[PDB]
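Peer 1: Have a look at this one.
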Amino acid sequence: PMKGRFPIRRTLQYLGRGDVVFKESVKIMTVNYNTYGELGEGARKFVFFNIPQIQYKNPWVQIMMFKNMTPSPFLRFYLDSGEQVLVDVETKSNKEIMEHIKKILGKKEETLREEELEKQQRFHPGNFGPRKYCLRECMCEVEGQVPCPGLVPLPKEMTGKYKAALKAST
Amino acid sequence: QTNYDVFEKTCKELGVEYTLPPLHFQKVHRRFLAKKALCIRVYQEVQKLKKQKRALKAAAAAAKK
Amino acid sequence: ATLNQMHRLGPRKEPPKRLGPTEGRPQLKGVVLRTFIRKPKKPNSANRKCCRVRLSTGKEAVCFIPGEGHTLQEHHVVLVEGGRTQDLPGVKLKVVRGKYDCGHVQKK
Amino acid sequence: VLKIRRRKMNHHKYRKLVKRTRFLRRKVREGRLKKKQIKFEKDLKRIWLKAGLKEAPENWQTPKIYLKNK
Amino acid sequence: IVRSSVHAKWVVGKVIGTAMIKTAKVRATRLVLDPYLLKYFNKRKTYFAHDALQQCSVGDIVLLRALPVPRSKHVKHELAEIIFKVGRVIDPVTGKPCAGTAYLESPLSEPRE
RNA sequence: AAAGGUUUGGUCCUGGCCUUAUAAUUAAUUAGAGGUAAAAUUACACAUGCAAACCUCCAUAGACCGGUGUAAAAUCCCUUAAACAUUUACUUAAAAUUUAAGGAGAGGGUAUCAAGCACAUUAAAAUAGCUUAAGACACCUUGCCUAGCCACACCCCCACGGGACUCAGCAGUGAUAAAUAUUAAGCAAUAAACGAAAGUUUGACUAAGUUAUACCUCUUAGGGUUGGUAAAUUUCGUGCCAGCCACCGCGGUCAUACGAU
RNA sequence: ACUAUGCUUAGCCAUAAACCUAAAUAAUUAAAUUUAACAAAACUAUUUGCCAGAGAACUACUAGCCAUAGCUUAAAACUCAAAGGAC
Ligand code: FES
Ligand SMILES: [K+]
Ligand SMILES: [K+]
Ligand SMILES: [K+]
Ligand SMILES: [K+]
Ligand SMILES: [K+]
Ligand SMILES: [K+]
Ligand SMILES: [Mg+2]
Ligand SMILES: [Mg+2]
Ligand SMILES: [Mg+2]
Ligand SMILES: [Mg+2]
Ligand SMILES: [Mg+2]
Ligand SMILES: [Mg+2]
Ligand SMILES: [Mg+2]
Ligand SMILES: [Mg+2]
Ligand SMILES: [Mg+2]
Ligand SMILES: [Mg+2]
Ligand SMILES: [Mg+2]
Ligand SMILES: [Mg+2]
Ligand SMILES: [Mg+2]
Ligand SMILES: [Mg+2]
Ligand SMILES: [Mg+2]
Ligand SMILES: [Mg+2]
Ligand SMILES: [Mg+2]
Ligand SMILES: [Mg+2]
Ligand SMILES: [Mg+2]
């Protein structure tokens with residue numbers, strides 16, 4: 001049995017389910033929540049369930065959380081321009097909080113798809129090389145091309161050993 | 001951490017001095033306290049010599065000017 | 001241990017693998033110094049043929065000579081290998097029959 | 001059962017061994033403390049010499065902390 | 001008006017010391033993923049920040065701005081803002097003084113003092 | 001791990017060791033040829049040959065390729081800036097290649113290494129601070145980040161100087177080690193250098209030689225084992241001796257366990 | 001028979017099978033839980049400390065300590081295929 005409560009939170013599949021990918025402006029996200037109360041239940045659940053997913057997709061954003069410092073829970077984002085975006089998450093479900101921050105400061109699906117394609121621009125299927133980078137190491141692997149001498153012996157006339165012998169004979 | 005204004009009045013009226021918790025715990029024993037005393041003394045002597053040198057160097061420059 | 005304690009400690013600390021009589025080498029060459037008999041610990045009862053040797057490393061070790069009959073003498077050269085003699089305590093080396101001066105057991 | 005008996009028997013043989021060599025151990029200790037003091041003094045001399053001082057700070061005398069001062 | 005090279009253009013932390021002149025020692029914390037456990041823990045870093053007015057006190061949350069040129073070996077940030085003052089917090093949502101999870105001044109009232 | 005053997009009078013629990021799988025090196029025994037891949041005891045000392053030229057003089061190159069793993073927790077990733085011993089365009093802009101200063105995060109061991117001793121800030125030059133059990137400091141060990149990278153180039157970290165005065169280029173030799181490739185051919189291909197060029201040079205490289213170390217294709221058959229784990233023994237000899245075992249064990253006269261068969 | 005000692009006044013030493021051989025805290029009693037057995041019915045969560053075969057070893061060395069035949073901290077070589085627990 002995996003230790004802790006809700007051990008599914010400690011699986012790569014769960015961490016990858018997060019959909020909030022912040023815009024490049026977002027630099028810090030402070031989370032102010034209360035450990036006791038009734039109107040802050042969604043905030044507590046957001047710290048428990050959602051903060052790991054947000055950090056996983058936004059490794060360079062500083063997430064710092066403060067407890068029981070104010071009467072109500074809120075989120076404050078610090079942007080690179082110097083703007084500060086305050087969000088009030090009282091009486092809001094954890095799912096509601098995620099959708100709100102996704103709308104205001106989350107990259108759209110179109111933008112993310114473009115980045116993925118651009119990342120793979122330099123991979124070409126025709127390129128030959130090691131398995132880590134390429135599909136085929138050598139043209140001998142291709143069908144119809146001359147096979148590797150190691151697997152299949154070459155004709156004698158295609159061998160330097162044989163060609164050298166004829167030149168001596170000449 | 002909660003009401004600094006009340007905290008200040010309470011300490012002043014009750015006459016209680018509050019010292020903040022020290023970030024790092026310091027071990028204490030005869031060997032440490034004796035080395036730590038010399039290290040402070042050695043530093044002070046080195047700095048005192050530098051101050052004297054600066055005054056003499058500046059004094060010589062002033063005379064030339 | 002708790003997840004916080006497992007994090008502060010990390011993976012288990014692993015004692016290093018200390019070497020044996022051959023010092024992590026397949027074989028060693030040594031010069032015989034003496035040939036003697038060792039008595040196996042009870043319940044075993046025999047007169048096991050062993051020899052002391054000076055290995056190339058510079059240390060001296062006791063090596064069991066396997067087989068029925070050996071012609072080894074002082075100043076001979078042999079190739080020792082690993083493998084402990086279970087009944088003989090302290091004998092952690094064995095001589096290779098058929099290499100250098102030591103020869104294959106003489107089937108007679 | 002035999003584990004406390006062995007601690008007892010092992011502990012019994014150590015107390016006997018300490019008794020036989022009690023005087024030797026005393027001279028070992030007095031010499032280990034003297035080396036412990038010289039190591040302390042030398043370590044203090046290294047500090048001021050590295051800092052650039054040619055003599056120890058004025059009015060400083062390395063305290064003798066391992067001697068029979070108490 | 002080129003910006004700093006350092007990655008931490010904006011860092012939030014707690015003022016853990018203020019014994020240097022015009023400088024506040026600040027402890028920031030970031031979340032780092034433990035690869036074996038796949039759980040996030042707090043990695044803390046110390047940042048020296050230029051406090052020109054010596055307006056910082058131990059325990060207050062502050063925002064630091066990366067200086068364009070490092071002032072010294074360790075002072076590469078300045079005090080941009082004091083997010084929360086120690087014991088003198090002002091609720092961002094309502095704007096009323098608070099002392100923990102309570103309002104020193106009710107949000108219904110309008111003291112304007 | 002789909003497990004197994006092994007504590008006992010017996011059962012159960014706990015717990016270590018070992019077996020079964022896979023690979024590299026060396027050794028014993030044994031072995032036909034062919035194709036391919038790889039080649040490796042040693043930063044110990046080196047006989048001899050060769051490894052950098054080109055070219056109408058100036059220059060350019062010999063800073064590369066090739067080699068080794070010396071030193072160092074040495075690094076990775078990322079940011080900023082500026083260059084190059086460069087290239088190609090413009091007489092000013094795109095690259096390749098580096099250098100310097102840095103830091104989101106990650107980065108070997110010992111805590112019986114627990115304190116370091118100037119390791120800080122301010123900028124009238126004062127303040128007394130800086131790192132550290134969230135592991136400082138000290139010591140020890142190791143090439144890592146692997147289309148490749150980093151460090152080293154007889155030794156003194158460096159190399160003015162000095163010394164014990166150069167193969168860690170190819171081949172080869174001495175010593176050492178369990179460890180054993182040719183003192184070989186060609187610049188025809190590709191790469192590099194040079195030249196405006198036809199071209200020249202290259203122990204890079206290419207085609208060969210050597211070696212069951214691996215793979216593939218074939219043809220001879222040899223090697224080990226046979227109490228249990230764990231597939232498989234007949235007769236005879238030996239008699240706690242001679243010997244055997246990875247673990248449990250076997251051998252004192254009916255030994256499936258040793259030796260021959 | 002008699003002394004140190006047990007007592008008082010001042011210090012020191014810091015050791016016990018210092019043991020309820022049960023860390024603390026908040027739960028739940030059903031999850032078709034004798035989940036080994038025996039103790040003391042079982043079990044979830046939280047935080048810290050600690051453990052990683054036995055012997056060597058309440059040991060050697062190290063550092064600290066009013067402790068000087070002392071306490072706390074605490075290995076390796078080497079040996080064995082077990083040691084150990086409950087019935
Ligand atoms: S691997 Fe392609 S010719 Fe051999
Ligand atoms: K026997
Ligand atoms: K077992
Ligand atoms: K047992
Ligand atoms: K060097
Ligand atoms: K050529
Ligand atoms: K046989
Ligand atoms: Mg061989
Ligand atoms: Mg190279
Ligand atoms: Mg080295
Ligand atoms: Mg020690
Ligand atoms: Mg040399
Ligand atoms: Mg040099
Ligand atoms: Mg050579
Ligand atoms: Mg040379
Ligand atoms: Mg070889
Ligand atoms: Mg040209
Ligand atoms: Mg018989
Ligand atoms: Mg057998
Ligand atoms: Mg037989
Ligand atoms: Mg009396
Ligand atoms: Mg009791
Ligand atoms: Mg004791
Ligand atoms: Mg002791
Ligand atoms: Mg001791
Ligand atoms: Mg041990």
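Residues in the structure tokens are named by chain (A, B, ... in the order shown) and by number from 1 within that chain; ligands are numbered from 1 in the order shown.
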Counting only C-alpha atoms (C1' of nucleotides) and all ligand atoms, which protein, DNA or RNA residues come within 9 Å of ligand 9, given as a PyMOL selection string?
Peer 2: chain F and resi 65-67
Peer 1: List as a PyMOL selection string the protein and nucleic acid residues near segment 94-109 of chain A, meaning an atom at most 8 Å away when only C-alpha atoms (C1' of nucleotides) are counted, but skip any in the same chain fewer than 3 places from it.
Peer 2: chain A and resi 19-23+26+42-43+45-46+50+89+112-113
Peer 1: Neighbouring residues of segment 16-25 of chain D were defined as those with any atom within 10 Å, considering only C-alpha atoms (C1' of nucleotides); residues of the same chain fewer than 6 positions away were excluded. Please report them as a PDB file with N, CA and C atoms (P, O5', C5', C4', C3', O3' and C1' of nucleotides), in the first residue's frame.
Peer 2:
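Wrote it out as out-v8.pdb, contents follow:
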```pdb
ATOM      1  N   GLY D  31      48.533  10.954  28.252  1.00  0.00           N
ATOM      2  CA  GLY D  31      49.246  11.279  27.030  1.00  0.00           C
ATOM      3  C   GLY D  31      48.326  11.599  25.874  1.00  0.00           C
TER       4      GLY D  31
ATOM      5  P     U G  68      35.977   9.738  38.532  1.00  0.00           P
ATOM      6  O5'   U G  68      36.939   9.728  37.262  1.00  0.00           O
ATOM      7  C5'   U G  68      36.927   8.640  36.344  1.00  0.00           C
ATOM      8  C4'   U G  68      38.326   8.220  35.961  1.00  0.00           C
ATOM      9  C3'   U G  68      39.270   7.961  37.134  1.00  0.00           C
ATOM     10  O3'   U G  68      40.162   6.893  36.819  1.00  0.00           O
ATOM     11  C1'   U G  68      40.150   9.684  35.776  1.00  0.00           C
ATOM     12  P     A G  69      40.351   5.674  37.849  1.00  0.00           P
ATOM     13  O5'   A G  69      40.651   4.414  36.923  1.00  0.00           O
ATOM     14  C5'   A G  69      40.224   4.374  35.564  1.00  0.00           C
ATOM     15  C4'   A G  69      39.597   3.045  35.220  1.00  0.00           C
ATOM     16  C3'   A G  69      38.079   2.985  35.371  1.00  0.00           C
ATOM     17  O3'   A G  69      37.533   2.091  34.401  1.00  0.00           O
ATOM     18  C1'   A G  69      39.068   1.415  36.821  1.00  0.00           C
TER      19        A G  69
END
```
Peer 1: How would you write, as an MDAnalysis selection string, the set of residues no farther than 7 Å from ligand 11 when counting only C-alpha atoms (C1' of nucleotides) and all ligand atoms?
Peer 2: (chainID F and resid 112) or (chainID G and resid 61:62 75)
Peer 1: Residues up to 9 Å from ligand 8, counting only C-alpha atoms (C1' of nucleotides) and all ligand atoms: could you list those as number ranges by chain?
Peer 2: F: 25-27, 179, 213
Peer 1: Please, could you write that set of residues out with C-alpha atoms (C1' of nucleotides) as a PDB file, in the first residue's frame?
Peer 2:
```pdb
ATOM      1  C1'   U F  25      37.342 -10.504 -18.823  1.00  0.00           C
ATOM      2  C1'   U F  26      40.906 -14.301 -17.666  1.00  0.00           C
ATOM      3  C1'   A F  27      42.126 -19.539 -17.191  1.00  0.00           C
ATOM      4  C1'   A F 179      45.475 -10.058 -19.432  1.00  0.00           C
ATOM      5  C1'   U F 213      35.827 -12.032 -27.586  1.00  0.00           C
TER       6        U F 213
END
```
Peer 1: What's the separation between atom CA of residue 32 of chain C and atom CA of residue 75 of chain C, in Å to one decimal place?
Peer 2: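 Atom-to-atom, atom CA of residue 32 of chain C to atom CA of residue 75 of chain C, that is 5.2 Å.
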Peer 1: Quick one: residues within 7 Å of segment 102-109 of chain F, only C-alpha atoms (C1' of nucleotides), excluding same-chain residues fewer than 6 positions away - as a PDB file with N, CA, C and O atoms (P, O5', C5', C4', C3', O3' and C1' of nucleotides), in the first residue's frame?
Peer 2:
```pdb
ATOM      1  N   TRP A  60       8.694  26.504 -13.740  1.00  0.00           N
ATOM      2  CA  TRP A  60       9.446  27.723 -13.480  1.00  0.00           C
ATOM      3  C   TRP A  60       8.659  28.760 -12.689  1.00  0.00           C
ATOM      4  O   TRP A  60       9.220  29.801 -12.338  1.00  0.00           O
TER       5      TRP A  60
ATOM      6  N   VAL E   6      19.713  37.037 -14.073  1.00  0.00           N
ATOM      7  CA  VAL E   6      19.272  36.016 -13.130  1.00  0.00           C
ATOM      8  C   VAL E   6      17.864  35.549 -13.473  1.00  0.00           C
ATOM      9  O   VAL E   6      17.024  36.328 -13.934  1.00  0.00           O
ATOM     10  N   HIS E   7      17.608  34.255 -13.256  1.00  0.00           N
ATOM     11  CA  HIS E   7      16.288  33.701 -13.545  1.00  0.00           C
ATOM     12  C   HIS E   7      15.219  34.318 -12.654  1.00  0.00           C
ATOM     13  O   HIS E   7      14.089  34.549 -13.094  1.00  0.00           O
TER      14      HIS E   7
ATOM     15  P     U F  75      33.039  21.248 -13.503  1.00  0.00           P
ATOM     16  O5'   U F  75      32.585  19.945 -14.294  1.00  0.00           O
ATOM     17  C5'   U F  75      31.635  20.032 -15.341  1.00  0.00           C
ATOM     18  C4'   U F  75      30.572  18.973 -15.210  1.00  0.00           C
ATOM     19  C3'   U F  75      29.229  19.312 -15.833  1.00  0.00           C
ATOM     20  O3'   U F  75      29.197  19.090 -17.231  1.00  0.00           O
ATOM     21  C1'   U F  75      28.886  18.507 -13.646  1.00  0.00           C
TER      22        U F  75
END
```
Peer 1: Can you tell me, as number ranges by chain, what residues are no more than 9 Å from residue 62 of chain A when counting only C-alpha atoms (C1' of nucleotides), ignoring any on the same chain fewer than 3 positions away?
Peer 2: A: 27-30, 55, 58-59; E: 11-12, 29-31; F: 104
Peer 1: Show me, as a PyMOL selection string, every residue of chain C with an atom at most 10 Å from chain G, counting only C-alpha atoms (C1' of nucleotides).
Peer 2: chain C and resi 1-2+4-5+12+89-90
Peer 1: For chain D, work out the contacting residues on chain B at 8 Å, counting only C-alpha atoms, and write them as a PDB file with N, CA and C atoms, in the first residue's frame.
Peer 2:
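Writing the result to selection_9.pdb gives the following:
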```pdb
ATOM      1  N   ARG B  30      34.053  23.982  25.820  1.00  0.00           N
ATOM      2  CA  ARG B  30      35.261  24.751  26.109  1.00  0.00           C
ATOM      3  C   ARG B  30      36.110  24.953  24.863  1.00  0.00           C
ATOM      4  N   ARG B  31      36.235  23.924  24.027  1.00  0.00           N
ATOM      5  CA  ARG B  31      37.077  24.055  22.843  1.00  0.00           C
ATOM      6  C   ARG B  31      36.496  25.069  21.868  1.00  0.00           C
ATOM      7  N   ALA B  34      36.715  28.812  23.163  1.00  0.00           N
ATOM      8  CA  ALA B  34      38.068  29.355  23.171  1.00  0.00           C
ATOM      9  C   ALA B  34      38.552  29.665  21.762  1.00  0.00           C
ATOM     10  N   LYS B  35      38.226  28.806  20.793  1.00  0.00           N
ATOM     11  CA  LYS B  35      38.577  29.102  19.409  1.00  0.00           C
ATOM     12  C   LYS B  35      37.752  30.263  18.870  1.00  0.00           C
ATOM     13  N   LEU B  38      39.295  33.580  20.055  1.00  0.00           N
ATOM     14  CA  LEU B  38      40.495  33.971  19.325  1.00  0.00           C
ATOM     15  C   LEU B  38      40.147  34.469  17.929  1.00  0.00           C
ATOM     16  N   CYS B  39      39.249  33.765  17.238  1.00  0.00           N
ATOM     17  CA  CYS B  39      38.893  34.153  15.878  1.00  0.00           C
ATOM     18  C   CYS B  39      38.336  35.569  15.843  1.00  0.00           C
ATOM     19  N   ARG B  41      39.070  37.838  18.114  1.00  0.00           N
ATOM     20  CA  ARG B  41      40.197  38.696  18.462  1.00  0.00           C
ATOM     21  C   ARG B  41      41.148  38.859  17.283  1.00  0.00           C
ATOM     22  N   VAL B  42      41.432  37.771  16.566  1.00  0.00           N
ATOM     23  CA  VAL B  42      42.329  37.851  15.418  1.00  0.00           C
ATOM     24  C   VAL B  42      41.762  38.802  14.373  1.00  0.00           C
ATOM     25  N   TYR B  43      40.470  38.663  14.068  1.00  0.00           N
ATOM     26  CA  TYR B  43      39.840  39.548  13.093  1.00  0.00           C
ATOM     27  C   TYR B  43      39.994  41.006  13.505  1.00  0.00           C
ATOM     28  N   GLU B  45      42.151  42.483  15.381  1.00  0.00           N
ATOM     29  CA  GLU B  45      43.524  42.957  15.238  1.00  0.00           C
ATOM     30  C   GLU B  45      43.865  43.231  13.780  1.00  0.00           C
ATOM     31  N   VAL B  46      43.445  42.347  12.874  1.00  0.00           N
ATOM     32  CA  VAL B  46      43.733  42.551  11.458  1.00  0.00           C
ATOM     33  C   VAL B  46      43.074  43.830  10.964  1.00  0.00           C
TER      34      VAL B  46
END
```
Peer 1: How would you write, as a list in words, the set of residues no farther than 12 Å from ligand 5 when counting only C-alpha atoms (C1' of nucleotides) and all ligand atoms?
Peer 2: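 Final answer, ordered by chain and number: residues 43, 70, 71, 72, 151, 152, 153, 154, 155, 156, 157, 158 and 159 of chain F.
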Peer 1: Quick one: write out the picked residues with C-alpha atoms (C1' of nucleotides) as a PDB file, in the first residue's frame?
Peer 2:
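Generated file (out-v6.pdb):
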```pdb
ATOM      1  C1'   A F  43      49.751   8.362 -17.095  1.00  0.00           C
ATOM      2  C1'   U F  70      45.889  12.792 -15.701  1.00  0.00           C
ATOM      3  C1'   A F  71      43.418  16.208 -12.503  1.00  0.00           C
ATOM      4  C1'   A F  72      38.944  17.485 -10.248  1.00  0.00           C
ATOM      5  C1'   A F 151      40.318  17.206 -18.645  1.00  0.00           C
ATOM      6  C1'   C F 152      45.234  16.001 -19.840  1.00  0.00           C
ATOM      7  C1'   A F 153      49.746  16.061 -23.531  1.00  0.00           C
ATOM      8  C1'   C F 154      57.476  13.566 -19.911  1.00  0.00           C
ATOM      9  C1'   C F 155      57.461  15.631 -14.506  1.00  0.00           C
ATOM     10  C1'   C F 156      57.117  20.451 -10.864  1.00  0.00           C
ATOM     11  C1'   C F 157      48.156  21.830 -10.527  1.00  0.00           C
ATOM     12  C1'   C F 158      50.649  26.369 -14.267  1.00  0.00           C
ATOM     13  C1'   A F 159      55.747  26.393 -16.991  1.00  0.00           C
TER      14        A F 159
END
```
Peer 1: Name the residues of chain E that fall into strand (DSSP E or B) according to DSSP on the backbone, using the chain letters and numbers of this document, as number ranges by chain.
Peer 2: E: 10-20, 23-34, 39-50, 61-66, 75-84, 90, 97-98, 103
Peer 1: Dump as a Markdown table the rows for residues of chain A within 12 Å of chain G: closest atom pair and distance in Å with one decimal, only C-alpha atoms (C1' of nucleotides) counted, ordered by chain and rising residue number.
Peer 2:
```
| residue | atom | partner | partner_atom | distance |
| --- | --- | --- | --- | --- |
| A:3 | CA | G:45 | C1' | 10.4 |
| A:4 | CA | G:45 | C1' | 8.2 |
| A:5 | CA | G:45 | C1' | 8.0 |
| A:6 | CA | G:45 | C1' | 11.5 |
```
Peer 1: Please return as an MDAnalysis selection string the residues found within 9 Å of ligand 24, counting only C-alpha atoms (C1' of nucleotides) and all ligand atoms.
Peer 2: chainID G and resid 58:59 70:71
Peer 1: From the set A:10, A:131, A:161, A:167, which residue has the shortest atom-to-atom contact distance to chain F, counting only C-alpha atoms (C1' of nucleotides)?
Peer 2: A:161
